[PDB]
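Trainee: Shown below is the structure under consideration.
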Amino acid sequence: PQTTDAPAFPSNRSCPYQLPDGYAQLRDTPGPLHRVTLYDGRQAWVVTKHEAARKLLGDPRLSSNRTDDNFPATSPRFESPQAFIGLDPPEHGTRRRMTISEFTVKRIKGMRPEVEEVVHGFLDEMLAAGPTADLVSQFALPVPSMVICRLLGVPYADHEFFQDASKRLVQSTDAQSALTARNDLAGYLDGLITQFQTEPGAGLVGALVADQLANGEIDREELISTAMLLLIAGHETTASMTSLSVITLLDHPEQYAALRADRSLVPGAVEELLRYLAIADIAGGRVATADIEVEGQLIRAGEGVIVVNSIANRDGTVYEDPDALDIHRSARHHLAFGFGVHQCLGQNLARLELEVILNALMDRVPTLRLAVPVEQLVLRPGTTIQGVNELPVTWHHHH
Ligand code: HEM
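Going by the deposited numbering, the letters in the sequence shown line up with residues 8 to 86, 91 to 410, in that order.
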């Protein structure tokens, strides 16, 4: 028999919003941990339950150091200084604190008018041209790209270049392709730094150049890695939430109608979509630097551990009928953004963008529908951020 106690991980979605069959099996199997086999044949642990996931994300013995030989790499792509997503305290905090000013609740509130303007501008163009359109290239991707560009001080004129490079890095299936894409972005950002040294400019990259870099408090290549992380996360991840949210909501028309009828439900719907779609398991990897006993299971020093937030988010002890989309439920404490010192820097920018986008789509494109069957969509594999790379849509064309 072929039966194993260490199934291949990750699994690929066959429905944009449903747990892969293999993940349902992991979810249903008692205990916080399960053994899996990664692409290169190495065994690692996955964390599959909600409280255990929080506990392990909060445990400093589970390091975020991606340079470690034993870090649980899920694809050949995983093969330069790390941005703070790959650092542990105390280094993590010194670098993260260089960027937090741009993501405060006050700044996010100040960004609302800008986000609304950007969203409506891309809708103007799309709706003027008429259906059909690919929602990804025409809306889902450009909106957060334009927003993160202004936040960073990266000129939006270079969007085609950096969007292509970002996709190649995030979705590469080989190390060579990933490395070329990273090199492309690094060289670009290094040029921007030099330009800011000549002519001080706006945006987070400008601020880091004028202050921390000028004071020797961040290495030039660390600034490059940090800007790269924010550029990629700031547009690729939110774009995927948009497209997958549209697909999901169109497959749940009663809930979508209820949402349209009472816009005060939108923040809660955003939480539920984040919980339900949980697009970022690829950011759950950890390596143990010491032995950790977990409800009788032993993680040994040097073992890889992946905190699979998508499965933790379907823990029925926390979310009653966990596989049911319910925009009125308490989706409080979901792990779609992680938990603890590394909890997503951009989480509230993501929440703002999704709220503005859903309200705009309901206002201006109430007749929006998919232009192809859901089954015909091509879903990204579990080795990258979840999503679709194309989303054909149509609507009632008003002249
Ligand atoms: C719905 C969209 C998003 C999702 C689901 C998401 C998910 C996540 C997750 C799960 C983590 C934790 C990684 C870990 O524990 O190792 C994380 C961290 C991070 N995210 Fe996001 N993210 C999103 C959007 C964004 C945006 C818009 C930005 C823009 C700056 C961003 C920037 C970051 C950064 C810088 C970190 C590292 C934080 C740290 O290490 O202290 N993310 N994200």
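No residue lacks a Cβ here, since even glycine has one placed at the ideal position from N, Cα and C.
1. Does the Cβ of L163 have 16 or more other Cβ atoms within 10 Å, making it buried, or fewer, making it exposed?
2. Can you give me the C-alpha to C-alpha distance between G279 and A347, rounded to a whole angstrom?
3. Report back the beta-carbon spacing between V181 and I204 to the nearest angstrom; my notes put them in contact at under 8 Å.
4. Does the count of Cβ pairs from the region 166-177 and the region 227-237 closer than 8 Å reach three?
5. For a test of the three-state rule: what should DSSP assign to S70, helix, strand or coil?
6. Output yes or no for whether 9 Å exceeds the beta carbon distance between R61 and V53.
7. Any idea what DSSP makes of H57, helix, strand or coil?
8. Quick one: any contact between the region 124-135 and the region 363-382, if contact means 3 or more CB pairs under 8 Å?
9. Which of the three DSSP states is assigned to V165 in this structure?
10. Buried or exposed for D292, going by 16 or more other Cβ atoms inside 10 Å?
11. With DSSP as the reference, identify every bridge partner of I310, one or two as the case may be.
12. Distance, Cα to Cα, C355 vs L402?
13. Let me know if residue 88 comes out buried or exposed under the rule of 16 or more other beta-carbons within 10 Å of its beta-carbon.
14. Is the region 283-300 in contact with the region 333-343, if contact means three or more CB pairs nearer than 8 Å?
15. Name the DSSP bridge partner or partners of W52?
16. Using only the heavy atoms of the ligand HEM, determine whether one of them is closer than 8 Å to the beta carbon of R107.
17. Between which two residues does the beta strand (DSSP E) containing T405 stretch?
18. To which residues of the same chain is residue 90 closer than 7 Å at the C-beta, ignoring the five residues directly before and after it?
19. Span of the alpha helix (DSSP H) holding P83?
20. I'd like to know whether the C-beta atoms of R380 and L261 end up nearer to each other than 9 Å.
21. The alpha helix (DSSP H) with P124 in it runs from where to where?
22. Cβ-heavy atom distance between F114 and the ligand HEM below 8 Å?
23. Who are the near neighbours of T253 in its chain, counting only those whose CB is closer than 6 Å to its CB and skipping five residues on each side?
24. Evaluate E210 with the Cβ neighbour count: other Cβ atoms within 10 Å of its Cβ, from every protein chain shown; 16 or more gives buried, anything less gives exposed.
25. What residue does the alpha helix (DSSP H) around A342 start on, and which one ends it?
26. Do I119 and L388 have their CB atoms nearer than 9 Å?
27. Could you tell me the boundaries of the alpha helix (DSSP H) in which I243 lies?
28. Using the Cβ count rule (16 or more neighbours within 10 Å means buried), how would you classify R297?
29. Span of the alpha helix (DSSP H) holding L363?
Mentor: On the basis of the supplied data:
1. In the sequence shown, residue 163 corresponds to position 152, counting from 1. Answer is buried; the Cβ neighbour count reaches 16.
2. Here residue 279 refers to the residue found at position 268 when the sequence shown is read from its first residue. Here residue 347 refers to the residue found at position 336 when the sequence shown is read from its first residue. So the alpha carbons of these two residues sit roughly 14 Å apart.
3. In the sequence shown, residue 181 corresponds to position 170, counting from 1. In the sequence shown, residue 204 corresponds to position 193, counting from 1. Contact doesn't hold; Cβ gap of about 23 Å is too wide.
4. no
5. Here residue 70 corresponds to residue number 63 of the sequence shown, with the count starting at 1. Note: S70 maps to strand in three-state DSSP.
6. Within the sequence shown, numbered from 1, the residue matching residue 61 stands at position 54. Within the sequence shown, numbered from 1, the residue matching residue 53 stands at position 46. No, the pair does not count as a contact, with Cβ atoms beyond the cut-off.
7. By 1-based counting over the sequence shown, the position of residue 57 is 50. In this structure, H57 counts as helix in the three-state DSSP scheme.
8. yes
9. Locating residue 165 in the sequence shown gives position 154, where the first residue counts as 1. Note: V165 maps to coil in three-state DSSP.
10. If you number the sequence shown from 1, residue 292 lands on position 281. Burial call: buried.
11. The residue you call residue 310 lines up with position 299 of the sequence shown. The partner list for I310 (beta bridge, DSSP) reads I303.
12. Position 344 of the sequence shown, counting from 1, holds the residue named residue 355. Position 391 of the sequence shown, counting from 1, holds the residue named residue 402. Going by the C-alpha atoms only, they are around 26 Å apart.
13. The chain lacks coordinates between 86 and 91, the interval that contains residue 88.
14. yes
15. By one-based count along the sequence shown, residue 52 stands at place 45. According to DSSP, which records beta bridges pairwise, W52 is partnered with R42, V316.
16. The residue you call residue 107 lines up with position 96 of the sequence shown. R107: yes, Cβ under 8 Å from the ligand HEM.
17. Within the sequence shown, the letter at position 394 stands for residue 405. Note, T405: beta strand (DSSP E), 403-405.
18. Gap note for the chain: numbering proceeds from 86 to 91 with nothing in between, so residue 90 has no coordinates.
19. As a first step, residue 83 must be located in the sequence shown, where it is residue number 76. Looking at the DSSP string, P83 is not in any alpha helix (DSSP H), and its letter there is neither H nor E.
20. Translated into the one-based positions of the sequence shown, residue 380 becomes position 369. Translated into the one-based positions of the sequence shown, residue 261 becomes position 250. Yes, Cβ-Cβ distance for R380 and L261 is below 9 Å.
21. Residue numbering aside, residue 124 sits at position 113 when the sequence shown is read from its first letter. Start and end: 116-140.
22. Working through the sequence shown from its first residue, we reach residue 114 at position 103. Checking every heavy atom of the ligand HEM against the Cβ of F114, one is found closer than 8 Å.
23. Stepping through the sequence shown from its first residue, residue 253 is reached at position 242. Contacts found: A151, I368.
24. For the purposes of this step, residue 210 is identified with residue 199 of the sequence shown, where counting begins at 1. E210 should be labelled exposed.
25. Along the sequence shown, read from residue 1 onward, the residue named residue 342 stands at position 331. From DSSP, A342 is part of no alpha helix (DSSP H); its letter is neither H nor E.
26. Start at 1 with the first residue of the sequence shown, and residue 119 comes out as number 108. Start at 1 with the first residue of the sequence shown, and residue 388 comes out as number 377. Not in contact: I119 and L388 (Cβ atoms no closer than 9 Å).
27. Within the sequence shown, the letter at position 232 stands for residue 243. Note, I243: alpha helix (DSSP H), 231-243.
28. Taking the first residue of the sequence shown as 1, we reach residue 297 at position 286. Buried.
29. In the sequence shown, the residue the question calls residue 363 occupies position 352. 358-375 is the extent of the alpha helix (DSSP H) around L363.
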